[PDB]
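What follows is a single structure, written as structure tokens, with notes after it.
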Amino acid sequence: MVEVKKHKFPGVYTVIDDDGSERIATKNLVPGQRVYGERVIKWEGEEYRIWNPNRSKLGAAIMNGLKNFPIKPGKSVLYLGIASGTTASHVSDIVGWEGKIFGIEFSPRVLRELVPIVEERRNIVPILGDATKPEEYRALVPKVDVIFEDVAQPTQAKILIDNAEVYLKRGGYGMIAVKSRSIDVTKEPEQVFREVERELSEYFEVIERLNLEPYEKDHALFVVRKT
């Protein structure tokens, strides 16, 4: 029998059937999409979408035992790098209609190609912008509860801090997925992560740091709070 139970984190579920067990999922905000290749489980009249850790760094973090997950129902999220993977759809499922997600990408082409994935998920607002210059989209993005960032750039920690200074509420959280080689290919990943932690700690309280292996190689997710 198929059993869908509530995960520790609200909006997240643990699906345990006969074959696909030890798998997490979110409740589809827009059931009936019938998107080519969708992996959905119908349970008690509702659709649950399998969260693929190979296609979502947040899914990987949760499966790796993430303890702090600030993205919850009703929260507002500034999402830098919204087009990568399947993460946006799951964050949309979790936040629900009472919340909102402002997604930033620098390429108009990337945003245009993102249309078919978010067109029905009206709680996602795609916005063109350069994440290194947060001030440029201040008229569109409000103060938010959480900033989630997946930007493989050398200055990604500074990007988080600068965006937090403009948009993050006091007490709000930041979540950043860091690819060590996007910062320094000449240093050991653990050293890069330690340096990133030092940089973030000057502005935030660093709450948690978790490696994403085996789903990603030399990537770590940091959860921080704007004290």
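Looking at the header, which is where the method is noted, we find X-ray crystallography, 1.4 Å.
Using N, Cα and C of the backbone, Cβ positions are placed for all residues, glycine too.
What Swiss-Prot says about this protein:
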- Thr86, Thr87, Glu105, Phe106, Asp130, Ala131, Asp150, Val151, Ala152, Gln153: S-adenosyl-L-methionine binding site (BINDING)
Between the binding-site residues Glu105, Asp130, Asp150, where is the Cβ count within 10 Å the lowest? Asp130
So which one is it: of the binding-site residues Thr86, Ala152, which has the fewest other Cβ atoms within 10 Å? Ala152
Helix, strand or coil at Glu105 (S-adenosyl-L-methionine binding site), per DSSP? strand
Where the record says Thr86, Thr87, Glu105, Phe106, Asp130, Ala131, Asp150, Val151, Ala152, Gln153 bind S-adenosyl-L-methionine, what is the longest distance in Å from one Cα to another among those residues? 21
